[PDB]
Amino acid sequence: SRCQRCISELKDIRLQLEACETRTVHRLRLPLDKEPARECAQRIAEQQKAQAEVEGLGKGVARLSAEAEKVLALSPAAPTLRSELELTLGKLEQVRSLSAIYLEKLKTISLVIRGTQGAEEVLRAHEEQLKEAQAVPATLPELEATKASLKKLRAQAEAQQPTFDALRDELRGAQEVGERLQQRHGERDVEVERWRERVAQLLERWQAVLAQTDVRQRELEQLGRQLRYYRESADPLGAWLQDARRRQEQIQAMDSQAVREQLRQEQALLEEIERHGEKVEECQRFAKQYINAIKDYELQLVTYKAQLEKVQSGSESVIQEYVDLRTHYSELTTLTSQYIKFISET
């Protein structure tokens, strides 16, 4: 009576446990879809409720085990009762193990989901500042401002190292749990691969930010030096041409005694102009180097912005300056040269 009743109750609760088992296996076989954060949270809650359901069944098994042992101590039915008891105890421990490890898997994945989504927003911020700074520095004070913005960026990125180090640890944790689940319950990890690729890709993007900041900072240190070298040569030359052009225009526009002085001042000035032929080629040389640097920095930025996916041309302004200087000097040489000839025949 109590033996037969206990066997029936043992079979029923084992079936209930097996149904909990099959539901858990079908759940853990299901990869996350297009809302990973929300779905994983929902499944953790469901698995917490499933784990409590199994534990409730565990209280039924403990009751049935005590009653069985009372009957067995008193019976041709006893081998069946003992066997059925051992089957139910064995199934309970298996479903308990699976429920706990799967809940563990969901929780560790949840940290990875959160971590990668946080790193994306950090990556988005740094990649946009790099994208944003399109204009090249025109002057020494504008240069120092650009360096400051990159220095800040560099500082912010270095401080995010713990965030990405934690992500690597969080992914590693998830791999270990999945492996134990694979080894103890024979179910492959259907989820972890999605996030290894996600984590691996974010790491590369972060390195490009760090690398591109170091390259870009270094671009401006070389570019800045080239600006200093050119401006130190173009400013004194440009001032000199303005000074000499007004002297020549004054000497040119201004008896036999006077003619000798007019030829004398013009003939002497033409000598002065020739002496500056070296200082012009020097200025042309430095300007070409600075233009090349402005071109190098510009292409650096357009490249990076394209990989992730003008207003005017920076070096074009520098082009115009050399045009004005070479034009004025060739014009100045000619005008003085022709005026010496006009005095010479006179």
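In case it trips you up, residue 1 is the first one in the sequence shown, and so on.
Colleague: Answer with none, 1 to 3, 4 to 9, or 10 or more: how many deposited residues between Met254 and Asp255 are not present in the coordinates.
Modeller: According to the record, 1 to 3 deposited residues lack coordinates from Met254 to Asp255.
Colleague: Deposited residues absent from the coordinates between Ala211 and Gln212, none, 1 to 3, 4 to 9, or 10 or more?
Modeller: In the record, the chain runs straight from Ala211 to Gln212 with none unmodelled.
Colleague: Mean C-alpha B-factor higher for 92 to 100, or for 191 to 199?
Modeller: Per the deposited B-factors, the answer is 92 to 100.
Colleague: Tell me which stretch has the larger mean Cα B-factor in this entry, 157 to 165 or 257 to 265.
Modeller: Between 157 to 165 and 257 to 265, it is 257 to 265.
Colleague: Take the CA temperature factors straight from the PDB entry and tell me which of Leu130, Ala78, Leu111, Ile273 peaks.
Modeller: Highest CA B-factor of the listed options: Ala78.
Colleague: Among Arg29, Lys288, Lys305, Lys49, where is the Cα B factor highest in this entry?
Modeller: Max CA B-factor in the entry, restricted to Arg29, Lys288, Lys305, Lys49: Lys49.
Colleague: Divide the modelled residues of the chain into thirds by Cα B-factor and specify which third, lowest, middle or highest, holds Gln242.
Modeller: As the PDB entry reports it, the C-alpha B-factor of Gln242 lands in the middle third of its chain.
Colleague: Comparing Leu123 with the other modelled residues of its chain, is its CA B-factor in the lowest, middle or highest third?
Modeller: Tercile = lowest for this residue's CA B-factor.
Colleague: Sort the modelled residues of this chain by their C-alpha B factor and say whether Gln312 lands in the lowest, middle or highest third.
Modeller: It belongs to the highest third of the chain when residues are ordered by C-alpha B-factor.
Colleague: Select lowest, middle or highest to describe the third in which the CA B-factor of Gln300 falls within its chain in this entry.
Modeller: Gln300: CA B-factor falls in the lowest third of its chain.
Colleague: Would the CA B-factor of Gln175 place it in the lowest, middle or highest third of its chain?
Modeller: Its C-alpha B-factor belongs to the middle third of this chain's values.
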